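This is what each chain is made of:
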Amino acid sequence: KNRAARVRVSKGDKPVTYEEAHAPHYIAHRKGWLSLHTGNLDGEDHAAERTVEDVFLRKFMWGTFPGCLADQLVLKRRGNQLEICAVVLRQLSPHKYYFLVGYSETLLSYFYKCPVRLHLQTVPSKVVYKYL
Amino acid sequence: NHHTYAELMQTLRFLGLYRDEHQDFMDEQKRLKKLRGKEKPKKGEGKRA
Amino acid sequence: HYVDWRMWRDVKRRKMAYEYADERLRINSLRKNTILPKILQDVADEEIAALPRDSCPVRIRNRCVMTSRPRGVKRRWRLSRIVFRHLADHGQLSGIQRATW
Amino acid sequence: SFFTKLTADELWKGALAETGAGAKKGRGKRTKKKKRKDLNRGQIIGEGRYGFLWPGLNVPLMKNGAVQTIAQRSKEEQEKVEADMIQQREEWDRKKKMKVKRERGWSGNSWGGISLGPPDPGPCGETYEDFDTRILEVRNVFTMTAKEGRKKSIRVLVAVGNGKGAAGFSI
Amino acid sequence: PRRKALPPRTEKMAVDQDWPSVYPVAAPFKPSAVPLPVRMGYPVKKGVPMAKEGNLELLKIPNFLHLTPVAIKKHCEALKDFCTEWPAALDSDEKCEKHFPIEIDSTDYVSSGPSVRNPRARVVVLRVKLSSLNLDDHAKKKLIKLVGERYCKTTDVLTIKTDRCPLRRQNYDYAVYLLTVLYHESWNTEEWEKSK
Amino acid sequence: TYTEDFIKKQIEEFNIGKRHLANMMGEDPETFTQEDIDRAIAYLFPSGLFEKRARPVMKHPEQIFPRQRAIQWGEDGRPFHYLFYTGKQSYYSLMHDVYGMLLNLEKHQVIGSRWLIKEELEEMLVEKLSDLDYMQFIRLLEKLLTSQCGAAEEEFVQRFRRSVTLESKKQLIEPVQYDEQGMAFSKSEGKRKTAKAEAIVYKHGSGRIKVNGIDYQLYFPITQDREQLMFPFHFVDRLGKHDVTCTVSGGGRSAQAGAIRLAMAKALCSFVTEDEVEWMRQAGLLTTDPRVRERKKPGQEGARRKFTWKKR
Amino acid sequence: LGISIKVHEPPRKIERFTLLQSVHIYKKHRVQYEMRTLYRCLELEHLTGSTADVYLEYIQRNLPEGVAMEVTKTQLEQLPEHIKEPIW
Amino acid sequence: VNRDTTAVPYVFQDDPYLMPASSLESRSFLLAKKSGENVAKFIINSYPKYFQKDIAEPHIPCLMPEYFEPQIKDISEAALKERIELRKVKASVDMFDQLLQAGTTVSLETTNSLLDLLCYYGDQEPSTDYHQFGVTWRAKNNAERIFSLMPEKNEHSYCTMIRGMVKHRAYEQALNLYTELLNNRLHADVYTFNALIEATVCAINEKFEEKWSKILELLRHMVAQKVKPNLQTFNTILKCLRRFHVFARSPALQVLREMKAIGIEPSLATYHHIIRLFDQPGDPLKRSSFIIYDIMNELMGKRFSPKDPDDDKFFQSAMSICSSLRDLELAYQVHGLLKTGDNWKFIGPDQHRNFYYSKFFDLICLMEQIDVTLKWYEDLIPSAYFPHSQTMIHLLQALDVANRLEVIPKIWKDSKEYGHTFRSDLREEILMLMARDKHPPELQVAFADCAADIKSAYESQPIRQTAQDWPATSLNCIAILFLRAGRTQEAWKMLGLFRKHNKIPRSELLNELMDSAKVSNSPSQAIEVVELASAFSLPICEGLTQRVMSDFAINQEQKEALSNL
RNA sequence: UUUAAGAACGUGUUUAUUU
RNA sequence: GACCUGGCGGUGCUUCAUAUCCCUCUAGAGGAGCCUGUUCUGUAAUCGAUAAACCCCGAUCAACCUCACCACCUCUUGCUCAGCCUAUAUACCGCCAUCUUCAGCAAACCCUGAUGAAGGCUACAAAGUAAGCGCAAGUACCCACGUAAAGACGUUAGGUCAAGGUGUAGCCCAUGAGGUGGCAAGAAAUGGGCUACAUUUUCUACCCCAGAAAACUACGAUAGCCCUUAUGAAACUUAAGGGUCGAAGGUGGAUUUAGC
Ligand SMILES: [K+]
Ligand SMILES: [K+]
Ligand SMILES: [K+]
Ligand SMILES: [Mg+2]
Ligand SMILES: [Mg+2]
Ligand SMILES: [Mg+2]
Ligand SMILES: [Mg+2]
Ligand SMILES: [Mg+2]
Ligand SMILES: [Mg+2]
Ligand SMILES: [Mg+2]
Ligand SMILES: [Mg+2]
Ligand SMILES: [Mg+2]
Ligand SMILES: [Mg+2]
Ligand SMILES: [Mg+2]
Ligand SMILES: [Mg+2]
Ligand SMILES: [Mg+2]
Ligand SMILES: [Mg+2]
Ligand SMILES: [Mg+2]
Ligand SMILES: [Mg+2]
Ligand SMILES: [Mg+2]
Ligand SMILES: [Mg+2]
Ligand SMILES: [Mg+2]
Ligand SMILES: [Mg+2]
């Protein structure tokens, strides 16, 4: 049987998100892409460096906002800019969010040598697409 | 450069700004093996000689 | 802090091959011709063969940058077939989708 | 390396081995079961080994009407925080180990004679707080299936009563 | 007690407002700012598409909310002061090749990332017809033998492509220099030419 | 579940959002139809997902949320319908009305139309139905038609019939054109495998064919290929009456002939009678051949062949 | 801005490649991937250096995510001075 | 594009949970985001090696680690200059002695660069990421020690030493050091003369007549040494003259006229020091009115550029003058001057910005029509400033004056969204206005839907230190608004809270309770009205009870009523 | 009614404001 | 002793299989040479897969490197707040094979069986109602076709600790790290594949109206031997080309694969 990126059915008590409920054969039919850049286009270059930056960002943000991320990130590149769009929870205090936004935006700008901006969208609870 | 990525995030964890769920895992296992007696020996002064 | 020692040995090889790249280039030019005397070409055959082994570019291996896997590596992403699919199957690689036709 | 590190849910799912071939047909002894532990329970955002105090994250932003600055706890004061974190850990852990003396029935490991409490309330404003439920027999019955083979099912017998002449049983 | 979130500011918006002021530049989809009951997602059995609140699919879209027709027309009205007028004389292409017989091609590449470099940007192409040059029978016959397959007899166009030097200004100079030494050598007559 | 009050609040957000969307695009909120909403949502939120049911949508709540049955009992608790306890009060109230009209008849005494399908009957009744239940109801309706039904009965039966758009398998004639000299001709196109051909057929000619500027017998040395070119004209008895000038590109030897055969036949339909064009269609001269090369699969030697299988 | 523009859609390109489905053995079973590259060419005509400097900056900045651009500029020049007459 | 009225300042996160509601959040949310930028710079400059890799093309110098440590470890003349560019006061001075002890010749342009570093910071280290009252200058400091060591002193030597003393409130010592300058046949610069004017006045608290003569001497010396004054020279005079509010009024104008004479354009700070001087806590304010009107006509239709550090403080003061004068036609010119070109950048920091828009908006509600006051309330708030409890009050006192009390249910919603949910003074003025007079059903039902929300705020209060307290007027108004609306049921449940908290009910609340009972014809309820007032010993109760007994009362209840008194 | 057709080691697979 | 469920039956009746069971079509394998893998043997000298569901399989790939093997030598807080390709795939995550060229799995309720393991259908209807998963529907390629993809719960403690991570156990002057050199062969058997045994052929021209060849100088090696070139620091060794050489082989036993 196939296993990649599939959430196995259960009794019915397990909540899943939209992206987590669709398998790889829906990535261009019912889902989009979590990262958007030009590396993988025909005739373009530096697709390998853009991938290592993505892998590091998803981990930097998972450990920098522990227990706060409601769903996967959405990385966007428009020229020199790098826009990180995240959906976070409302448990943490806003004072601590503004601290981490300025700490991460700055640390990542000096690391990758690019202007970085972070966009948060708070939700009360993790959105549920269905129950498996 | 894996040195930079690993040394940076090791420092950020000691500073309290990055939470490594993986080190916490293997740090808890390495703490339970000391209570069980399975502790790493001293270099040079090992079981063999 | 690299994945394994096999990876670490390739990092050193790529560094030593970058320092002697010009010295090796200039010496090979003498060998790759029928113009200069054989006596001179014989001395250049010994000068480039006395350079360290790790300076030779053929001793470099394109391993995966995440798992250090020597085979099954895609050169465009520098990833192994197993790691590439893990990111592509979760929609983390821009433009990559499954093929059907 | 930093790129060969997984998440907690992936580390625990593999170490517990809850879903495996051994678990399916009684191929594993329940005498020493592995128990999951949450390692982020007693962790505070901004606390580290060096003892740094980040204004806005670890400590209050303003103190005495003025914004604080970056400060680092002393060795003596930082060592008191590590030893105090341990006490909160062991205490929390101890509670779980402590076992309540559940009132046994006819025997220690038997199910008969044990109470289950009052039945669940009905939707149309029905309650059974005056009723008491008690188990009479718990049997493990099997039926052979084509794919799995032995299919274990539980058969239970209970009785309910209010103490005033009303009583009944079911399976 | 717990801090509660304020209601979305889409309710305070009026219908006859100025949208460009809300989305002046490119920005991600903010459901608390876009006053549209837009939904996205594949519905479950006897269900409806997911709402915009918390939807990650709408965040993945590169929206065009900052480029509404009202803004475009308002943006370009302020950009007409930077532009210049095209010579009315040069109406058609036949008249452009009578006063400007040379055409320089050069390509620029725009790609995401921290580095803007691209080695394909140094290339320069120079095209010119031989009918616009002051050549005679001999010079023209000799020029076509030096350039080789750079000349197309069907179109009578000489194509010079230079990608030798790092920068694009150098290759431009190289191409003009090549056109010059070709023109002059073509006119020059040598002794060996007699042995044709 | 979605209540009536919830739907009423969704109707108010769509109306207000419909006026915002018109203010963005610079249109008149009054004359802003649903076709303009779909065009503006595809520009502002461009999604290329292959599934159109997964793209951003801003429609009327009465078309998004599924229709739901109203409450069937009041405060006291008595249902509103006498067939409530059947569970199918709508399906059986219909069967009760139809069977009541069949009793009255006894006392006092299709091409486009298709019977309602099952899935379309559930929406009308807002009830879940089985297959055998659908067949029983359809049997009463047919029985109703056979009898001398009155005017009022016909109107009832027409609520459960749906019109059908009958396609026409009639070839489309090309417009005859005129050249500078004044000669009449017709142009068409053919496609066989990867070969693509454009043919120009003159109304009057001496049976001359030129492919890519070369006479046909030189361009197609193989006799089989020339037989294909002859088939369209021989079938209609017009050999040595027209002049053809075609240009084929791509494909192989035999695919270019079949591609030309199809183009010549399509262009030859303008200089023949309708009855002949129908005969050409029933002979397979006007149909594009869909048989194309099939793809090879991984784990296989070919499109359909498999690797040698070893039992042990 | 008062510019002539023509638009056409060049044919798309699809690059495919296959990979093993399993981590070990099971050669027969593989997974195939593809990257689809779609094109759109905007042919402008009869511009000046300043007008193009403005239009390009306007659209380059608003280039959406995942969209590259190849701008080919065809400049008009005049014959150099040395080309007017021969020196020999 | 223009400012979006529905939004908060760009710097904040556009999200309801992260949007600053109150003005305290607005300031504490940017101080936390600025604190994360400092925590990252601390980490970037403490571990540069992680951020040295540069992949950007073209190079971005502003995104690379800074190196604050000296690299030339040798002792030489060029090794000290590198420690002066990093502002290493302690290392440079401790190393200057070593260089001086060795006997190596030290250039005069190098020893002058050390005095500037010492005369500015006052022999103290600058502020770093991590390691008011009185006179900062000290006698036991290196500034005076090294000054003696020097074998040769030029003009700059004293010029930079005099300015370092005045900066640290060493006025008395600076004047003594200036006497030596004149003794050495030297000439000071404009900057040194500027600091000398501050020392004159600040040194002694003498009468103005004596100070004015003193200042004119320095001016006569400035022209006697071929020194030309600058804008700052004139600004100090005006800033110093502020102490003598009354007397300096006329001298100030003479200074202004002088600035125009030499073709020195007065900046915003110049006009700022004038209005503050002329402005005085007086009732007539005849002189202040005439001054400001003339200044605006001069400033009207101008674009300003930064010249003096105090240029930003102009707008905050000018608005305060208009508020004290209660002139709205002048505030439109002051604010209309702030929008021209890029003058909106001179408004100043947050605290100055909130004060400007408060005096401005508070003057709008009071003076102009209500239909225009509500257009300024939609534009400014919250996009410009977050209001204070007082502004909500003044706005409420304008709706009353315009008889537009149908907006009160909206002013309370916005108040809760701005952090005024638990403001005693505010809730005590919204209820009185709604209950002051009877209103139609449609309008009377809305006030109750708002009075029910104001009541819930009293029940749930963030401060649990003290017991929940209900103002007397509040309970008096919350209950009467339920009756008029029609919520009789809820009107009788508030009766217990009156005596529970010893709060006196008004007679108008009791008098209107009659009809509620009469419409019901439930004598029991009628007695409850009598029982409550009797507890408080109200005189109206006894006379009221008799009327109730006449209209509706059970025989048994009549006898009990009299005895309870 | 209709050719023949043998065999498969032993265990282990379910609870608790400037000033 | 009597039953429930399932499995099995060289168990009955009936209806079927669509490249599938038989009969029936087309081209192959099994014979020869070569390429390549495996098993045995051999060597001081890896590991893993290894009925169907291994055998040009992990490898879209080994002259050094790769490399984990052997011999010799060398280092000890060691590229890493160490490390281990050490044992355990019968502790696991992860990614998969297989039935599947299937259509069923099943929460929550109700009823039957005297309230047993269990079971639950008849449409002119007799107790079943059923969320959800899968099929289906949709989507990709040139459509409505077809091919892909998809394909649940479970079955084989199926495969992989040597992708990586990881529980348990074990080594820590060595089961770790580095250097030099070196083995990867063939008595033998076998799997897959390539090229041939020829005249529907061979060579040349052409790319389909030709001329020659045609049995011991024919057809027939991608083999051997020799030489040259390419890549590389390094080639009797890898690849290409040339020369020389002209072998078996005369369509292949029992048996066997694929294809609408
Ligand atoms: K054979
Ligand atoms: K064979
Ligand atoms: K074979
Ligand atoms: Mg499969
Ligand atoms: Mg290699
Ligand atoms: Mg016991
Ligand atoms: Mg084939
Ligand atoms: Mg036997
Ligand atoms: Mg047996
Ligand atoms: Mg082997
Ligand atoms: Mg084995
Ligand atoms: Mg094995
Ligand atoms: Mg080797
Ligand atoms: Mg070796
Ligand atoms: Mg080892
Ligand atoms: Mg297994
Ligand atoms: Mg398939
Ligand atoms: Mg399907
Ligand atoms: Mg096994
Ligand atoms: Mg094979
Ligand atoms: Mg050969
Ligand atoms: Mg060579
Ligand atoms: Mg021969």
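Residues numbered from 1 in each chain as written, not as in the entry; some residues may be left out. Chains lettered and ligands numbered in written order. Part of a larger assembly, values for the part shown. Heavy atoms only, no water.

Going by the annotation in the PDB entry, the name recorded for chain C is 28S ribosomal protein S14, mitochondrial, with Homo sapiens given as the source organism. As recorded in the PDB, this entry has the title "Human mitochondrial ribosome in complex with mRNA, A/A tRNA and P/P tRNA". Recorded in UniProt under Subcellular location, the annotation for chain C is "Mitochondrion". According to the UniProt record, the Sequence similarities comment for chain C reads "Belongs to the universal ribosomal protein uS14 family." (UniProt positions renumbered as here; feature names shortened; annotations may be inferred.)

If you look chain A up in the PDB entry, it shows as 28S ribosomal protein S24, mitochondrial from Homo sapiens. Listed in UniProt under the heading Subcellular location, the comment for chain A reads: "Mitochondrion". Per UniProt, chain A has the following entry under Sequence similarities: "Belongs to the universal ribosomal protein uS3 family."

What follows deals with the overall build of chain C. On a plain count of helices and strands, chain C comes out with 4 helices and 3 strands. Starting at the N terminus and ending at the C terminus, chain C contains elements arranged as α-α-α-β-β-α-β. A globule of 101 residues ought to have a C-alpha radius of gyration of about 13 Å, yet chain C, at 20 Å, is considerably larger. When burial is assessed residue by residue, chain C has 36% of its 101 residues classed as buried. Sequence separation of at least 24 residues holds for 39% of the intrachain contacts in chain C that already meet a minimum separation of 6. A total of about 6700 Å² of accessible surface is found on chain C, and carbon and sulfur atoms cover 54% of it. Once the 24 positive and 11 negative side-chain charges of chain C are each reduced to a mean point, those two points are 12 Å apart. (Helix = DSSP H or I, 4+ residues; strand = E, 2+ residues; numbered from the N terminus. Rg over C-alpha atoms; globule rule 2.2 N^0.38 Å. Buried < 20%, exposed > 50% of the residue type's maximum accessible area, 1.4 Å probe, protein only. Contact = heavy atoms within 4.5 Å. Areas by Shrake-Rupley, 256 points an atom, 1.4 Å probe, with all protein chains shown as cover. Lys, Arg positive; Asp, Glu negative; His and termini not counted. Charge placed at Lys NZ, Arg CZ, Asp CG, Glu CD.)

Residues and elements named next belong to chain A. The buried fraction of strand 4 (residues 81–89) amounts to 8 of the 9 residues, a majority that puts the element mostly inside the structure. In this sheet, strand 4 lies alongside strand 3 (residues 74–78) in antiparallel orientation, the contact comprising 5 bridges. Counterpart to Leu 75 in the pairing with strand 4 is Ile 84. In this structure, the hairpin formed by strand 3 and strand 4 is closed by a connection of 2 residues, where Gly 79 is found at a positive phi of approximately 65°. One ladder, built from 8 bridges, connects strand 4 with strand 5 (residues 116–123); its direction is parallel. Along strand 5, the bridge assignment pairs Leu 89 with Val 123. Following the chain from strand 4 across helix 2 (residues 94–112) to the adjacent parallel strand 5, one finds a crossover that is right-handed. (Pairing = 2+ DSSP bridges. Right-handed = clockwise from strand over helix to strand, strands pointing away.)

So, on to the pattern of salt bridges. The final tally for this structure, using the stated rule, is 85 salt bridges over all chains. A salt bridge links A:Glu19 to E:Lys60, with the nearest nitrogen and oxygen atoms 2.5 Å apart. With A:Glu19 in the loop between strand 1 (15–16) and strand 2 (35–36) and E:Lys60 in the loop between strand 2 (50–51) and helix 1 (69–77), this residue pair bridges two chains. For the pair formed by A:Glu19 and E:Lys60, the shared burial category is buried. (Salt bridge = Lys/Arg side-chain N within 4 Å of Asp/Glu carboxyl O.)

A few words on the protein's contact with RNA strand J. Residues in contact with RNA strand J amount to 130 residues; listed here are only the nearest, A:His29, B:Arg48, C:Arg24, G:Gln21 and G:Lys27. Here the atoms of RNA strand J within 4 Å of the protein split so that 72% fall in sugar or phosphate, with bases taking the remainder. C:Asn28 places a polar side-chain atom, nitrogen or oxygen, 3.3 Å from a phosphate oxygen of RNA strand J. Separating a sugar or linking oxygen of RNA strand J from a side-chain N or O atom of F:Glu51 is a distance of 2.7 Å. Split into classes, the residues belonging to the surface near RNA strand J amount to 42 nonpolar, 28 polar and 60 charged. (Near = heavy atom within 4 Å. Polar contact = N/O pair within 3.5 Å; in protein donor to acceptor, adjacent residues only side chain to side chain. Nonpolar A, V, L, I, M, F, W, Y, C, P; charged D, E, K, R; others polar.)

It is worth spelling out the protein's contact with RNA strand I at this point. Near RNA strand I there are 19 residues, and of these D:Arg102, D:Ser110, H:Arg242, H:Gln316 and H:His352 occur at the shortest range. Backbone atoms, meaning sugar plus phosphate, form 49% of the atoms of RNA strand I positioned within 4 Å of the protein. Between a base oxygen of RNA strand I and a side-chain N or O atom of H:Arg276, the distance comes to 3.0 Å. Here a sugar or linking oxygen of RNA strand I sits 2.6 Å away from a polar atom, N or O, in the side chain of H:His352. Sorting the residues of the surface near RNA strand I by element identifies strand 6 (150–161) of chain D together with helix 16 (350–367) of chain H as the ones contributing at least two each. Sort the elements by how many residues they give to the surface near RNA strand I and helix 16 of chain H lands first, with 3 residues.

Next up on the list: the arrangement of the chains. In this assembly 18 pairs of chains touch, with chains E and G having more contacts than any other pair. The two units chain B and chain E never meet; even their closest C-alpha atoms stay 18 Å apart. When C-alpha atoms are compared, chain F and chain H, though not in contact, are closest at a spacing of 14 Å.

This brings us to the interface of chain E and chain G. Size of an interface: often given as the accessible area lost when the parts come together. Residue-level contacts link 44 residues of chain E with 34 residues of chain G. When chain E packs against chain G, close to 3500 Å² is buried across both sides, 64% of that on carbon and sulfur atoms. Of all residues in chain E, the largest losses of buried area upon contact with chain G belong to E:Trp86, E:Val110 and E:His184, amounting jointly to 17% of the total for that side. Here chain E and chain G share 1 salt bridge between them. Here E:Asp108 and G:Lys73 are joined by a salt bridge, their closest N and O atoms 2.7 Å apart. (Buried area = accessible area lost by both parts, 1.4 Å probe.)

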